[PDB]
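Since every read-out is calculated from the coordinates, none of them should be taken as a lab result. With ideal geometry, Cβ positions are generated from the backbone for all residues, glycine too; neighbour counts draw on all protein chains shown.
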There are 2 protein chains.
Amino acid sequence: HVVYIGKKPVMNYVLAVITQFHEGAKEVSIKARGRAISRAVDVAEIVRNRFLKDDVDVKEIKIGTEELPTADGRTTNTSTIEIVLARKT
Amino acid sequence: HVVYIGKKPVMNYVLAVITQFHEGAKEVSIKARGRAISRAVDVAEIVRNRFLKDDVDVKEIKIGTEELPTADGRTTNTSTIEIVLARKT
Ligand SMILES: NC(=[NH2+])NCCC[C@H](N)C(=O)O
């Protein structure tokens, strides 16, 4: 039950999101990291706003720091975001 | 108590937030819109995960979208985030 923001267009994911919601999913998670986090809030915004206002709330938002491997076997840090949209209760 | 994420280097804003708490700030909000959001999360993470690991955490995170009167009689929407960090008591 999760849609990850990749290279595809923002509207490509609100599609994937609503699709899982259509297919039942009671909570769909919109995950992203790095600069793709802006596109993540984009998706969740267009969904709750433009398409599923009536019956879809933001259940919670949680952030974090993932780890990226560098040429030195050491690791960099990249912010991440998790937006869980749930069916309006 | 607010720090808006502009273009400035990350650290300038993290340091900014910190200074706020350093003065007693019992809660600070890292706001950003558009492509900045991702950088709004960088900040909030670095603060609660590194420079203030022992005395500050995420009290809550908010999202939304806003109108921006632009070219001609047109308004553009942009996503917005308001990460709230509170003092650990
Ligand atoms: N948890 C974090 N995002 N920490 C800071 C890394 C953010 C960004 N990738 C940078 O290095 O500027």
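Of note, B:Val14 satisfies the criterion of being more than 11 Å from chain A (Cβ to nearest Cβ), farther than 11 Å from B:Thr80 by Cα, within 13 Å of the ligand (Cβ to nearest atom) and within 12 Å of the chain's Cα centre (by Cα).
Scanning segment B:66-89 for residues that are among the charged types (D, E, K, R) and either within 14 Å of chain A (Cβ to nearest Cβ) or more than 26 Å from B:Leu52 (Cβ to Cβ) (or both) returns B:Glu66, B:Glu67, B:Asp72, B:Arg74, B:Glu82.
If you go through segment A:22-39 and keep only what is crowded, with 21+ Cβ neighbours inside 10 Å and closer than 14 Å to A:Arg87 by Cβ, you end up with just A:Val28. Checking each residue of segment B:27-39 against the condition of being part of a loop (DSSP other than H, G, I, E, B) and of a type in the set (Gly, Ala, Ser) gives no match. Among the residues making up segment B:52-78, those that are over 16 Å from B:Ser29 (Cβ atoms) and in contact with a helix residue (DSSP H, G or I) (Cβ under 6 Å, 6 or more places away or on another chain) are B:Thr65, B:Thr78.
Can you tell me which residue in segment A:40-65 is farthest from the other protein chains (Cβ to nearest Cβ), limited to those that are surrounded by fewer than 17 Cβ atoms within 10 Å (Cβ to Cβ) and in a helix (DSSP H, G or I)? In this case the residue turns out to be A:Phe51.
Reported count of residues in segment A:26-51, each being out of contact with any helix residue (DSSP H, G or I) (no Cβ under 7 Å at 6 or more places or on another chain) and more than 16 Å from the ligand (Cβ to nearest atom), is 8. From the list B:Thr78, B:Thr19, B:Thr70, B:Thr89, the one residue that fits, being touching a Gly at 6+ places or on another chain (Cβ under 6 Å) and either over 19 Å from A:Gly64 (Cα atoms) or surrounded by fewer than 20 Cβ atoms within 10 Å (Cβ to Cβ) (or both), is B:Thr78. Being out of contact with any strand residue (DSSP E or B) (no Cβ under 6 Å at 6 or more places or on another chain), more than 11 Å from chain A (Cβ to nearest Cβ), within 29 Å of A:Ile46 (Cα to Cα) and not aromatic (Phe, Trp, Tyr): is that true of B:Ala36 here? It is false that B:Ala36 is out of contact with any strand residue (DSSP E or B) (no Cβ under 6 Å at 6 or more places or on another chain), more than 11 Å from chain A (Cβ to nearest Cβ), within 29 Å of A:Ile46 (Cα to Cα) and not aromatic (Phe, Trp, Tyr). Residue count for segment A:56-89, restricted to those that are away from the ligand (no atom under 16 Å from the Cβ) and not hydrophobic (A, V, I, L, M, F, W, C): 7.
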